[PDB]
Amino acid sequence: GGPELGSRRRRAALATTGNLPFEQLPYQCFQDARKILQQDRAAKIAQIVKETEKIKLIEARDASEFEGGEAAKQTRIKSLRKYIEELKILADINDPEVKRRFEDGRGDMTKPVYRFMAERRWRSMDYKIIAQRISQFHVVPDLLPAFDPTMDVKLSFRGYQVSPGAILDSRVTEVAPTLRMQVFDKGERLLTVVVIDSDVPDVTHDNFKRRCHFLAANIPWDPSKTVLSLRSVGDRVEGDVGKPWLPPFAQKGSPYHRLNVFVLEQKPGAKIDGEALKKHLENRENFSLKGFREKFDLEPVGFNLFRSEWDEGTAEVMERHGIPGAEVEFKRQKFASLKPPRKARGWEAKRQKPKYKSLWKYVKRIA
Amino acid sequence: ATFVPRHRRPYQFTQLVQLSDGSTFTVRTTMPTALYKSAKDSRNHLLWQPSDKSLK
Amino acid sequence: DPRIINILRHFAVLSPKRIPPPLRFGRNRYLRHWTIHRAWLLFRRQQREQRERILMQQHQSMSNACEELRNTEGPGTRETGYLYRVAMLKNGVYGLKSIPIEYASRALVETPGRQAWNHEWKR
Amino acid sequence: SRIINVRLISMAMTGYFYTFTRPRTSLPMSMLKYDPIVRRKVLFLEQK
RNA sequence: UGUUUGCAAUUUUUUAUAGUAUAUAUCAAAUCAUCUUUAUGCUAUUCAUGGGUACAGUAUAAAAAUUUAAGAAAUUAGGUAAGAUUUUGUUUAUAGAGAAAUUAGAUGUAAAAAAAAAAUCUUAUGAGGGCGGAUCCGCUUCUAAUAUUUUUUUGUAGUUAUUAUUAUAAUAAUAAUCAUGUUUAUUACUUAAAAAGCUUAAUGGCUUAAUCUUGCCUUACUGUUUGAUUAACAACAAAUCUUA
Ligand SMILES: [K+]
Ligand SMILES: [K+]
Ligand SMILES: [Mg+2]
Ligand SMILES: [Mg+2]
Ligand SMILES: [Mg+2]
């Protein structure tokens, strides 16, 4: 009856009740509803064998036979392959234990079923807020022309999970964040993580420039991995660090800085050279995600946001890492009226010089 | 903040309705009666049984 | 007045504060209800797909016969498709006496009556 | 005559007040306003 | 012992442990007033006010309750958040019901899925492009994206059933097909103008909210201050909008 068995209710209910599987509980309706789904899963598995053997026949068939050639043969197998995937999900979407295993976090993410429910959970709320953060914070069209996130990305600083688009302190955001990424797609792909600060103020040209605060690539990720620590990118996990984590900072006077954490997927069998990635940032002071993505043929999949402004701990954080620019404050540009000065008008305004000293009782000290 | 109204339904029973022909079916109603014996109905009305001569 | 109070007492019970509260199920009960819910919806699908399959088959049979009937000729010196054009007429279909009241009024019943069928009916 | 101008006196006893109008055939006014003397939101009540 | 009595199911936080940042448990708060006597009484039976007896999944005697409709009324008008989006009139039908009373109606479409070739601009804080004078400016090629072409096409399945041939299967055609979802479905687009509504006449505007409904509120705040109304009213002043 230890903590390794669950909660107090389970540990308590597991000693006063009988040992019997949940599926074997002798309840009329529950056992009568499990018998309907029982023969259904047998009918779905019986359909996966009829559609599986139907692909072999179409696979071992000369393209000349098909009136449409090889093009009409790949569109018929495409609809069949997709029709099998839906049958594999419909064979366990009604299982009562599969729902229990996924809710308890003990579900295997290497199976289509668990990835289907895991994706239906992310879209319910988490996708909605991040889709809103992309639009409201003007990530699009600023960084990307259009972006529809496809994977979940939650970043936490020193254990504490930070919500999307939250102004964090310069001391909290001093160490590499941990990414809690969940991928809902099959296979293992290389993921590229790029943290770009899009609000660096350039006073010389009166505009903002983009500065990359972190860059990594060649990070193998499967749908079974959850946590990724940006500290050990080249020590524990495989990866190439183009630029180590730079402590976010924001000079006094300038508005809050947006730090966009982007996760981009590399195409199959495309490993970025460890020396060509550290050369891209050389002599590049306006890191453009658009151009960078187009050169390595990457695709944005996940994204998260967190802002950072001037705080009490900003000055000290710059001292440790030698970040220059601490003794620089920004003041709002003031636009004075463009109307040329004009002589004052009125009876009182005319008679305000020493000439009309006898009429100064009507002109001076007016409320 | 749109309110979620809760349904206000009265108690309902399962009633057997025996028509004038002796046939019986089950229905869901609010009345407490158990069996409703119907002496007059469409099966004993000339308008619904114009060809019947017994009722004519 | 006393009879009216009896009426009010009925509404007072249906007040939002008096009616029962929303159900509160545990996990095991909730999961069991989920299976009962899941199966019932699937069971409707099977009844729906079955009911819709029969409706489709019947329509195909009508279309086959009608399409074939349109190509035939006769009887005798009658132009091709005369019978097809006559069958499509809807004279009285939407009238008052379209469908006999007796046939429609009779419905399915859980148990039969004293006389299930009347064979003594005379024209 | 139908509308009167009342004075909402601060309950911090700082002497600041707010003047709003209300009909005579109504209840006295009572609001949570900002007292600039203490620079905090306190309870303001009608004078009478 | 708040939270439904058969078992890690929402979010964040607290604490503890293992652990080297993660993992589980735990705690608090939010969301919600679900009603909680394990029997002490009742019931049947039996035996002398009473003493037993009952053996409980077809659950039970063993708790069916133990000490006067506001969601029927109020036309409440500002800040903020969310949800709803023709509400007017006309017309159709509808016991009492009539010229005149209430209610229900009153457009259509889509929801497996495309790939690919060039061309015409336009854009780009794309290639830090090239050439003149990384970012400014004038020239400019290339890629990318949007738009456009009636352009150049290719594919248009799968599933259920029908028919035809072929040896229950295969092939071809035809019809249907948003649907793993409490059919009252749902979601998106579309539905002339006028009208209704928005403190009050008229004009303009709003339907993607400025209308309506609901939750919490009282910024209908204090001081100073910016730029304007082609330098308010063809001066001044009292005014109107606006910024920090
Ligand atoms: K309001
Ligand atoms: K209209
Ligand atoms: Mg208003
Ligand atoms: Mg109307
Ligand atoms: Mg002037």
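For the structure, see preceding data.
Here goes a summary of the coordinates provided.

The next subject is the overall build of chain D. Of regular secondary structure, chain D possesses zero helices and four strands. When the elements of chain D are put in sequence order from the N terminus, they spell out β-β-β-β. Dimensions of chain D, computed from C-alpha atoms along their principal axes, come out at roughly 35 × 15 × 15 Å. Relative to its 48 residues, chain D shows a buried fraction of 23%. Pairs at least 24 apart in sequence give 26% of the contacts found in chain D among residues at least 6 apart. Counting only carbon and sulfur atoms, one obtains 57% of the accessible surface of chain D, whose full area is about 3800 Å².

Across its full length, chain B holds zero helices and three strands. Secondary structure of chain B in N-to-C order comes out as β-β-β. For chain B, the C-alpha radius of gyration of 18 Å lies well beyond 10 Å, the compact-globule estimate for 56 residues. Taking the principal axes of its C-alpha atoms as reference, chain B extends roughly 65 × 25 × 15 Å. Of all 56 residues assigned to chain B, the portion counted as buried reaches 21%. In chain B, once contacts between residues fewer than 6 apart in sequence are set aside, the share between residues at least 24 apart is 3%. Approximately 4400 Å² of chain B is accessible, and the part contributed by carbon and sulfur atoms is 60%.

To continue, consider a nonpolar patch on the surface. A cluster of nonpolar side chains, namely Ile4(C), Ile7(C), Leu8(C) and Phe11(C), defines an oily patch on the protein surface of about 410 Å² accessible area. Residue placement: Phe11(C) occurs in helix α1 (residues 2-13).

As a further point, take the packing of aromatic side chains. For the structure on display, the rule yields 18 aromatic pairs over all chains. Aromatic side chains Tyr16(D) and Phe17(D) sit 6.5 Å apart centroid to centroid with 40° between the ring planes, which places their arrangement in the tilted category. Feature note: the residues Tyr16(D), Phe17(D), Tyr18(D), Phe20(D) and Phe44(D) constitute an aromatic cluster, connected by ring pairs. We note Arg100(A) situated over the ring of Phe22(A); from NZ or CZ to the ring centre the distance is 5.1 Å.

Right, let's get into the protein's contact with RNA strand E. Among the 106 residues in the neighbourhood of RNA strand E, the closest are listed as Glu285(A), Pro340(A), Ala1(B), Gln60(C) and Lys33(D). Atoms of RNA strand E within 4 Å of the protein belong to the sugar or the phosphate in 67% of instances, the rest to bases. In the environment of RNA strand E, a base oxygen lies 3.4 Å from a nitrogen or oxygen atom belonging to the backbone of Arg284(A). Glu294(A) is positioned with one of its side-chain polar atoms (N or O) 3.3 Å from a sugar or linking oxygen of RNA strand E. For the surface near RNA strand E, the element with the highest residue contribution is helix α2 (residues 27-71) of chain C, accounting for 15 residues. Classifying every residue of the surface near RNA strand E gives 38 nonpolar, 29 polar and 39 charged.

All names here are of chain D. Here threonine 14 lies in the loop between β1 (3-10) and β2 (17-23). Within polar-contact distance, the side chain of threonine 14 engages the side chain of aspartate 35 at 2.5 Å. Contact partners of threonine 14, with chain neighbours within four places excluded, come to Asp35, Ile37 and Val38.

Okay, the interface of chain C and chain A next. Facing 11 residues of chain C, the contacting portion of chain A comprises 18 residues. The junction of chain C with chain A conceals about 1500 Å² of combined surface from both sides, 65% of it contributed by carbon and sulfur atoms. When the buried surface of chain C facing chain A is broken down by residue, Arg27(C), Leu31(C) and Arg32(C) rank first, second and third, together holding 35% of it. Taking the shortest distance from any N to any O, the salt bridge between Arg27(C) and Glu103(A) comes out at 3.1 Å. In this assembly, chain C and chain A are joined by five residue pairs in polar contact. When grouped by side-chain class, the residues that make up the side of chain C that touches chain A number six nonpolar, two polar and three charged.

Parameters at a glance
Residues numbered from 1 in each chain as written, not as in the entry; some residues may be left out. Chains lettered and ligands numbered in written order. Part of a larger assembly, values for the part shown. Heavy atoms only, no water. Helix = DSSP H or I, 4+ residues; strand = E, 2+ residues; numbered from the N terminus. Buried < 20%, exposed > 50% of the residue type's maximum accessible area, 1.4 Å probe, protein only. Contact = heavy atoms within 4.5 Å. Areas by Shrake-Rupley, 256 points an atom, 1.4 Å probe, with all protein chains shown as cover. Rg over C-alpha atoms; globule rule 2.2 N^0.38 Å. Patch = residues over 30% accessible without salt bridge, like charges linked within 9 Å, V, L, I, M, F, W, Y side chains within 5 Å. Salt bridge = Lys/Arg side-chain N within 4 Å of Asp/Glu carboxyl O. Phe/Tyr/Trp six-rings, centres within 6.5 Å; stacked < 30°, edge-to-face > 60°. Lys NZ or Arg CZ within 6 Å of the ring centre and 35° of its normal. Near = heavy atom within 4 Å. Polar contact = N/O pair within 3.5 Å; in protein donor to acceptor, adjacent residues only side chain to side chain. Nonpolar A, V, L, I, M, F, W, Y, C, P; charged D, E, K, R; others polar. Buried area = accessible area lost by both parts, 1.4 Å probe.

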